[PDB]
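Below is one structure, written out as structure tokens, with a few remarks after it.
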There are 2 protein chains.
Amino acid sequence: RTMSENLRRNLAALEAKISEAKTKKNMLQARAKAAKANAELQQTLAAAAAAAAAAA
Amino acid sequence: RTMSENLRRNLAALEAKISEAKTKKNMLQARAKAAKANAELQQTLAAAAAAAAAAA
């Protein structure tokens with residue numbers, strides 16, 4: 001019965017850090033998707049706007 | 001007839017300690033099965049939970 005209090009806390013502490021890792025996963029993946037889009041948009045627009053205007 | 005009272009008590013005392021040893025056998029075997037399972041579960045879960053999370 002003393003062991004089962006210890007196991008019931010260890011089981012709750014394990015799912016608590018699994019739960020934490022899952023919320024972190026969503027936020028980290030979101031930042032990676034956003035950063036991919038920011039780089040492509042900024043570089044593509046700046047290059048095209050300089051290039052077409054100068055040629056014309 | 002005095003010998004047969006002595007033998008009838010010795011026969012009952014023998015089966016009484018055989019009976020005791022049999023109840024003890026079941027409890028000792030149960031603890032050994034439980035202890036085997038506790039060790040494997042605790043060590044396996046703790047190792048896997050640390051290892052997979054760190055790598056990812």
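Labels for the structure tokens follow display order: chains A, B, ..., residues from 1 in each chain, ligands from 1.
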Give the residues of chain B that lie within 12 Å of chain A; count only C-alpha atoms, and format the answer as a PDB file with N, CA, C and O atoms, in the first residue's frame.
```pdb
ATOM      1  N   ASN B  38       7.395  -6.585 -10.696  1.00  0.00           N
ATOM      2  CA  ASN B  38       7.689  -5.212 -10.270  1.00  0.00           C
ATOM      3  C   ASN B  38       8.999  -4.703 -10.865  1.00  0.00           C
ATOM      4  O   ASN B  38       9.042  -3.606 -11.418  1.00  0.00           O
ATOM      5  N   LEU B  41       8.741  -4.254 -14.852  1.00  0.00           N
ATOM      6  CA  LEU B  41       7.888  -3.128 -15.214  1.00  0.00           C
ATOM      7  C   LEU B  41       8.547  -1.790 -14.885  1.00  0.00           C
ATOM      8  O   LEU B  41       8.684  -0.946 -15.765  1.00  0.00           O
ATOM      9  N   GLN B  42       9.033  -1.619 -13.656  1.00  0.00           N
ATOM     10  CA  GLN B  42       9.653  -0.364 -13.241  1.00  0.00           C
ATOM     11  C   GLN B  42      10.885  -0.014 -14.073  1.00  0.00           C
ATOM     12  O   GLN B  42      10.989   1.102 -14.586  1.00  0.00           O
ATOM     13  N   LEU B  45       9.863   0.605 -18.074  1.00  0.00           N
ATOM     14  CA  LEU B  45       9.168   1.871 -18.289  1.00  0.00           C
ATOM     15  C   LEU B  45      10.087   3.071 -18.069  1.00  0.00           C
ATOM     16  O   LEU B  45      10.147   3.957 -18.922  1.00  0.00           O
ATOM     17  N   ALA B  46      10.843   3.097 -16.969  1.00  0.00           N
ATOM     18  CA  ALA B  46      11.739   4.212 -16.679  1.00  0.00           C
ATOM     19  C   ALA B  46      12.808   4.410 -17.765  1.00  0.00           C
ATOM     20  O   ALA B  46      13.047   5.538 -18.209  1.00  0.00           O
ATOM     21  N   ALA B  48      12.657   3.281 -21.063  1.00  0.00           N
ATOM     22  CA  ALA B  48      12.040   3.641 -22.335  1.00  0.00           C
ATOM     23  C   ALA B  48      11.546   5.099 -22.363  1.00  0.00           C
ATOM     24  O   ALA B  48      11.753   5.805 -23.354  1.00  0.00           O
ATOM     25  N   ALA B  49      10.947   5.567 -21.263  1.00  0.00           N
ATOM     26  CA  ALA B  49      10.445   6.929 -21.132  1.00  0.00           C
ATOM     27  C   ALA B  49      11.560   7.983 -21.185  1.00  0.00           C
ATOM     28  O   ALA B  49      11.418   8.995 -21.872  1.00  0.00           O
ATOM     29  N   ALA B  50      12.692   7.741 -20.521  1.00  0.00           N
ATOM     30  CA  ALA B  50      13.854   8.614 -20.633  1.00  0.00           C
ATOM     31  C   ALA B  50      14.453   8.603 -22.056  1.00  0.00           C
ATOM     32  O   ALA B  50      14.727   9.659 -22.628  1.00  0.00           O
ATOM     33  N   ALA B  52      13.421   7.499 -25.338  1.00  0.00           N
ATOM     34  CA  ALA B  52      12.698   7.944 -26.529  1.00  0.00           C
ATOM     35  C   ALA B  52      12.470   9.467 -26.527  1.00  0.00           C
ATOM     36  O   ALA B  52      12.660  10.134 -27.547  1.00  0.00           O
ATOM     37  N   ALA B  53      12.117  10.026 -25.368  1.00  0.00           N
ATOM     38  CA  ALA B  53      11.895  11.458 -25.213  1.00  0.00           C
ATOM     39  C   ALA B  53      13.163  12.269 -25.494  1.00  0.00           C
ATOM     40  O   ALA B  53      13.114  13.238 -26.245  1.00  0.00           O
ATOM     41  N   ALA B  54      14.308  11.857 -24.943  1.00  0.00           N
ATOM     42  CA  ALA B  54      15.577  12.549 -25.155  1.00  0.00           C
ATOM     43  C   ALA B  54      15.998  12.547 -26.632  1.00  0.00           C
ATOM     44  O   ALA B  54      16.378  13.589 -27.162  1.00  0.00           O
ATOM     45  N   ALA B  56      14.098  12.161 -29.440  1.00  0.00           N
ATOM     46  CA  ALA B  56      13.177  12.990 -30.203  1.00  0.00           C
ATOM     47  C   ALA B  56      13.425  14.480 -29.928  1.00  0.00           C
ATOM     48  O   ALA B  56      13.544  15.276 -30.862  1.00  0.00           O
TER      49      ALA B  56
END
```
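Take CA of residue 27 (chain B) and CA of residue 13 (chain B): the distance between them is 21.7 Å.
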